[PDB]
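Protein chains in written order, with the working numbering: chain W, 64 to 350; chain X, 64 to 350; chain H, 64 to 350; chain B, 64 to 350. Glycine is no exception: its CB is placed at the ideal position from the N, C-alpha and C atoms. This report concerns only the one structure given below.
Number of protein chains: 4
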Amino acid sequence: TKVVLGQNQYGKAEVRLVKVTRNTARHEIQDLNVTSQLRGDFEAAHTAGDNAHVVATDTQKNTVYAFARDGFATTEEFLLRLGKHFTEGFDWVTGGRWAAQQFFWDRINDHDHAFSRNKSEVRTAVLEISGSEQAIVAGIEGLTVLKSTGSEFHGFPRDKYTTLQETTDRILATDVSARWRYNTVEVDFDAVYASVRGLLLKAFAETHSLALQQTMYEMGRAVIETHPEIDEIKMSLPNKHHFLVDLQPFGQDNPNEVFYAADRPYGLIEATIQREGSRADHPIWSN
Amino acid sequence: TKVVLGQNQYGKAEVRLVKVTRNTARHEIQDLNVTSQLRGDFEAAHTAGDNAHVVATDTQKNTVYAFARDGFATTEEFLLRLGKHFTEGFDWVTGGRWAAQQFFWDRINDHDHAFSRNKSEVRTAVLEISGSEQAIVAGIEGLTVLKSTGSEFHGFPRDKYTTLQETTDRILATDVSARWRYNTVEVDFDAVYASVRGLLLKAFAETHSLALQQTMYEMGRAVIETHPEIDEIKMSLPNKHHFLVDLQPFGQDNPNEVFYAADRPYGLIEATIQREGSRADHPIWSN
Amino acid sequence: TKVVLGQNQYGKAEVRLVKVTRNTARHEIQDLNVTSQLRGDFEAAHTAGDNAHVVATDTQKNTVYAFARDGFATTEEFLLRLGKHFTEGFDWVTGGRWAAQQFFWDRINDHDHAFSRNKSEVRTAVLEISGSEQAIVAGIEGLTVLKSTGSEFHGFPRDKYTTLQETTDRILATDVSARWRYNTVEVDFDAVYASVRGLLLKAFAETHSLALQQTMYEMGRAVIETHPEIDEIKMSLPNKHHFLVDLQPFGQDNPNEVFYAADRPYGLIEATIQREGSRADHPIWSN
Amino acid sequence: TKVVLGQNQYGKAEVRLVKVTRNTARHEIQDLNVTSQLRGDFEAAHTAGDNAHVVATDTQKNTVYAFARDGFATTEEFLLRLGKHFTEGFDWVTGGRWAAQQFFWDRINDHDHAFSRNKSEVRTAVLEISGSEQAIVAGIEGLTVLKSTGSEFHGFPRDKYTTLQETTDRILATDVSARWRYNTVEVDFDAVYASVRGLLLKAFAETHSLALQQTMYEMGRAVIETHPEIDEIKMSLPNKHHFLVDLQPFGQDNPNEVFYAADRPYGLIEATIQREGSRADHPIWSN
Ligand SMILES: O=c1[nH]c(=O)c2nn[nH]c2[nH]1
Ligand SMILES: O=c1[nH]c(=O)c2nn[nH]c2[nH]1
Ligand SMILES: O=c1[nH]c(=O)c2nn[nH]c2[nH]1
Ligand SMILES: O=c1[nH]c(=O)c2nn[nH]c2[nH]1
């Protein structure tokens with residue numbers, strides 16, 4: 064009967080940007096996929112078609128490239144400039160969400176302006192501004208890792224639908240997807256990302272696993288303990304199954320050597336590892 | 064300081080199920096992509112690696128196939144059965160999230176047991192249980208639509224970054240991605256899905272659009288006004304830009320006929336249309 | 064010692080074109096993904112960097128839109144016009160390959176200028192010109208089909224590595240990818256495409272299958288037998304495995320009802336069905 | 064006219080294999096995506112549904128895992144064993160096509176049994192046996208490269224549809240996809256792959272490009288000149304357009320710094336660089 068406009072946001076999504084730094088003969092590359100969305104009073108825009116407040120998505124796009132011209136130290140700095148620009152520049156704009164993916168490049172044999180793409184991981188950054196407060200969630204994804212041993216899984220409940228055999232030696236493979244919320248913008252974003260990444264890899268590799276849930280916890284723990292600027296870290300880890308193939312039918316044995324890597328289904332272990340006391344329901348996770 | 068385990072869930076994702084109903088010569092096909100994750104007391108599993116509370120992801124998988132044997136009338140019904148089984152079947156399991164995608168099939172010339180997949184859209188359903196609380200969200204996705212005319216965009220702000228030219232005749236294309244929350248479990252899930260689908264399509268086509276935002280408001284308004292069982296509908300619509308090519312350099316005009324369909328970037332207009340007085344932020348939207 | 068430039072071709076790939084026909088209120092849509100590549104004398108371009116013979120890929124792109132202004136009856140007519148233009152327009156250009164994917168759209172409730180995308184199949188066309196001769200291969204792909212019964216596979220040899228069990232009732236699912244070469248350009252492209260599509264569906268559905276190889280064969284024979292303008296048809300059909308799940312461990316039987324749809328690996332059955340006495344090594348299949 | 068069965072092949076595609084070598088504490092990882100198809104007399108299987116000659120695809124799959132148990136020095140060596148097995152093992156099987164994608168892994172901090180995926184490239188191998196002949200084509204793909212300068216494109220023809228402007232400084236970006244055919248199986252497969260790779264990257268980075276065509280020619284020539292065992296190298300290089308954004312409308316210049324990385328369309332420059340007098344139509348290039 065009575066309809067009302069609820070939460071809403073709009074902008075330009077996936078603006079691919081490449082910024083070359085060449086004031087010297089030693090060129091640098093910054094490759095981003097930027098998304099800009101504004102929040103505020105767009106009541107008339109939706110219910111009436113009154114675009115008076117609608118800052119064109121096309122215009123948000125231009126702004127991205129226009130700002131890019133000036134250069135940026137980090138992806139987070141670039142995003143902070145955009146968010147500040149749209150919120151302060153417009154009355155009806157009370158905040159928004161600004162995200163970006165960062166793609167890495169490696170010099171080809173230390174060449175000054177020749178590079179090859181490093182596709183082993185993708186860095187993420189998300190800025191959400193709400194009136195007077197703002198927040199930044201950095202992250203990493205697409206980083207596949209695997210232990211060929213040093214992992215077991217047993218002691219789990221056995222109901223009438225349970226057929227999984229316990230084991231003390233299996234492969235543990237997953238795709239590292241983690242995002243951590245900063246409790247301050249005053250952060251050396253590049254140094255932290257590098258450190259967090261190292262901590263994640265280290266924890267995953269050195270922890271004798273009794274379960275993916277356990278490994279993820281240790282991973283989240285190493286980060287929280289190391290960076291005070293980080294309140295919480297959320298991770299989503301798929302248990303990419305590697306089934307030890309049965310070779311007895313062929314007169315052979317399989318001493319944990321030959322595996323079949325199945326695509327689907329896969330186990331999905333997810334959890335938030337937070338700092339005691341820190342918030343437990345930040346609006347930035349609402350997306 | 065002190066590290067703590069916050070929110071967390073685990074289970075089996077993307078279990079591909081195909082249920083054939085063949086008690087009669089007229090076979091029926093049900094195609095699903097099912098994901099099952101449990102919520103509860105998994106503290107020890109994460110902190111100490113004690114899996115006494117860890118119902119194997121493999122077991123959740125086996126349960127889906129086992130329960131499929133008995134058949135099911137609707138996707139939502141199927142998910143409801145799994146949710147209650149796990150929550151009730153284990154005391155440390157206080158809830159969870161069970162979602163699925165439903166893929167459609169059409170008979171090959173009305174053949175009794177020969178079909179071809181209809182890929183024009185994908186139906187979704189998500190069930191979330193929190194103690195005694197049960198919430199279901201159904202939706203549609205991958206349904207691309209386009210208006211060759213009956214769409215305009217003008218009256219928007221113009222700053223030093225605005226280049227977009229006002230227009231009273233342009234193409235409006237998008238991928239319909241919608242999800243609505245049911246306020247009751249007693250719903251004719253299939254009838255309502257078809258209805259809502261028709262309402263979204265009808266509103267998209269018939270509304271003389273003055274902005275994607277307006278078309279979306281009308282699409283949702285139609286849904287709420289028609290279905291008492293729905294408290295809100297969320298839509299994420301990309302403005303898939305079709306650029307009218309400039310052929311004047313070659314001496315030809317382009318009477319809104321020849322277009323270049325860009326991939327990225329694209330505008331992304333999102334909004335929530337709800338029944339007045341309905342809950343503002345149900346937890347199911349957090350996932 | 065002596066390095067040589069062999070086969071080569073270049074151009075613009077994936078030019079997304081949308082042509083709206085609106086001489087009346089009843090609008091029509093033509094959606095294409097065009098790829099144009101030229102062949103001829105480009106020796107100097109590769110060996111010396113002399114671009115005098117290089118009709119820019121950008122130019123080929125502009126040419127697609129420019130020609131699009133005049134409209135076209137079919138996708139094949141459009142490709143024929145392009146190839147002709149590039150081969151006759153440039154002395155050193157002696158040939159090329161012009162391909163296109165055609166995307167289908169359906170009217171939203173018979174609306175005059177609002178449509179929804181039909182993603183159940185994709186039509187393709189390829190034109191190859193070599194000197195004074197030209198050949199056209201049309202096709203369909205992405206059309207997924209499945210028989211819930213009417214399929215068996217037994218009588219295969221057995222060796223020490225064989226474990227597959229015989230069957231007289233299984234699911235037979237595949238993705239229809241078919242490409243047929245015309246032996247003349249004087250063809251009703253649209254009607255033949257609709258016909259072939261129909262013949263492939265009917266043969267797949269009605270043939271009681273003793274193997275995917277046998278089914279694919281009947282599908283090809285029907286095409287060759289029905290259309291004189293077709294010298295040969297090639298098909299690539301994956302055997303999309305649907306494993307009848309073993310429910311015995313859970314105290315249940317599975318009367319051919321519950322299946323697991325595995326992604327990989329999959330059987331891949333391919334063959335060429337030709338008219339007796341027709342070329343078997345046509346260049347168009349090489350590229 | 065009468066219908067006939069032309070060229071044909073069948074087998075199991077994309078069998079995902081992971082071979083862990085753990086005779087010592089220093090584990091090794093081989094990760095492949097294998098496809099095996101057979102060629103020979105399968106007339107009866109297609110025309111009659113007589114499967115006596117049909118070595119089950121499931122069986123081909125089993126053989127892959129069984130052979131993997133014995134380990135293999137290289138991907139090529141692995142395909143050769145499979146190929147000889149099926150051709151020599153069955154009188155009616157006269158040949159076939161075996162292919163594989165090899166995925167790379169790097170140790171985590173030189174850890175003995177923990178690794179992370181190097182997704183920056185994918186190695187490929189294809190074996191085709193025709194009687195006693197064994198043809199091997201090795202290749203690389205997914206290797207994205209870019210030059211921020213040292214690339215120009217001018218001197219091209221300006222026909223009635225040419226608007227592209229001449230330039231002496233632009234970004235040159237592509238996805239290195241290359242495949243080279245060995246004239247002998249007596250090859251240190253791993254060493255040549257590393258060399259070839261090095262050669263392709265070097266020629267790309269170090270050549271002052273006057274056109275993608277020129278760059279590609281030098282890449283291929285360096286390979287043909289360096290390795291006597293390679294008869295030819297084919298390359299398919301997309302010109303991934305990075306458009307220098309026009310910021311003048313915003314009162315700023317853009318000294319080759321701010322770019323827009325467009326997805327489609329894109330230039331596609333392909334060519335074959337061979338040893339003078341070598342075969343130019345090897346069957347292996349048709350699949
Ligand atoms: O690490 C694991 N966690 C789980 O929850 C699980 N279920 N099956 N195997 C498993 N492995
Ligand atoms: O419908 C539209 N809404 C927007 O917000 C927008 N921005 N540019 N074009 C647009 N079109
Ligand atoms: O390197 C290039 N080769 C081409 O053929 C071309 N066409 N446009 N730009 C181009 N760049
Ligand atoms: O139809 C089939 N064809 C084959 O070649 C095969 N191999 N295993 N199962 C099979 N089924």
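- Interface flag for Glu204/H against chain B is unset, since no Cβ pair is found closer than 9 Å.
- Remark: C-beta atoms of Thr110/X and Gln277/W approach each other more closely than 9 Å.
- At least one heavy atom of ligand 3 lies less than 8 Å from the C-beta of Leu235/B.
- Residue range 329-338 is occupied by the beta strand (DSSP E) that includes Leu331/X.
- When C-beta atoms of the segment 172-192 of chain X are compared with those of the segment 75-83 of chain W, fewer than three pairs fall below 8 Å, so the two segments do not count as touching.
- Counting only runs of at least 4 residues, the segment 75-127 of chain W fully encloses the following alpha helix (DSSP H) elements, listed from N- to C-terminal order: 106-110.
- In the three-state reduction of the DSSP assignment, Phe153/X falls in the coil class, being assigned neither a helical nor a strand state.
- Cβ atoms of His345/B and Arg244/B come within 8 Å of each other, at about 6 Å.
- With 16 or more other Cβ atoms inside 10 Å of its own Cβ, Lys75/W counts as buried.
- Listed in chain order, the non-local C-beta contacts of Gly205/H below 7 Å within the same chain comprise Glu184, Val185, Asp238, local neighbours out to five positions each way being set aside.
- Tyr323/H is bridged by DSSP to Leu80/X, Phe306/H.
- Taking 8 Å as the cut-off, one finds no heavy atom of ligand 2 near enough to the beta carbon of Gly112/B.
- Residue burial is scored here from C-beta neighbours: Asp94/H has at least 16 other C-beta atoms within 10 angstroms and is therefore classed as buried.
- Beyond the five residues adjoining it in sequence on each side, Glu229/H comes within less than 6 Å, by CB distance, of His217 in the same chain, given in chain order.
- Burial state of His271/H is exposed, judged by a 10 Å Cβ sphere holding fewer than 16 other Cβ atoms.
- In the DSSP assignment, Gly205/H falls within the beta strand (DSSP E) that extends over 196-210.
- Rounded to whole angstroms, the gap between the alpha carbons of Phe178/W and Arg89/W is 12 Å.
- Chain-ordered, the residues whose CB falls short of 7 Å from any heavy atom of ligand 3 come out as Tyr73/H, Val117/H, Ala119/H, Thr120/H, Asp121/H, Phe216/B, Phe219/B, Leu227/B, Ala274/B, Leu275/B, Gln276/B, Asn302/B, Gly330/B, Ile332/B.
- At a cut-off of 9 Å between beta carbons, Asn302/X contacts chain W.
- When C-beta atoms of the segment 162-179 of chain X are compared with those of the segment 212-226 of chain X, fewer than three pairs fall below 8 Å, so the two segments do not count as touching.
- Set against 8 Å, the gap from the CB of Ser193/X to the closest heavy atom of ligand 4 is not smaller.
- In this chain, the alpha helix (DSSP H) harbouring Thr278/B covers 275-289.
- Along the segment 208-230 of chain X, going in chain order, the ones with a CB nearer than 9 Å to a CB of chain H are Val208, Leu209, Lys210, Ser211, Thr212, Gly213.
- Interface flag for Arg327/X against chain B is set, since a Cβ pair is found closer than 9 Å.
- In the DSSP assignment, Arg342/B falls outside any alpha helix (DSSP H), carrying neither H nor E.
- Minimum Cα-Cα distance from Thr157/W among the listed residues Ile234/W, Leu101/W, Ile336/W corresponds to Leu101/W.
- When secondary structure is reduced to three states using DSSP, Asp238/H falls in the strand class.
- Chain-order list of chain X residues neighbouring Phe166/B: empty, with the shortest C-beta distance near 21 Å, by a criterion of under 7 Å.
- In its chain, beyond the 5 residues on either side, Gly103, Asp104, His116 have a beta carbon closer than 7 Å to the beta carbon of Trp155/B.
- Between ligand 2 and the CB of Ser272/X, the shortest heavy atom gap is smaller than 8 Å.
- Proximity of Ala177/H to chain B, defined by a Cβ-Cβ separation below 9 Å, is not satisfied.
- Secondary structure of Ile293/W (DSSP, three-state): strand.
- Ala163/B has its alpha-carbon roughly 34 Å from the corresponding atom of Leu262/W.
- With fewer than 16 other Cβ atoms inside 10 Å of its own Cβ, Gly194/X counts as exposed.
- Residues of chain X whose Cβ lies closer than 9 Å to the Cβ of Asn181/H are, in chain order, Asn181, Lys182, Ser183.
- Beyond the five residues adjoining it in sequence on each side, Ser341/X comes within less than 7 Å, by CB distance, of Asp294, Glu295 in the same chain, given in chain order.
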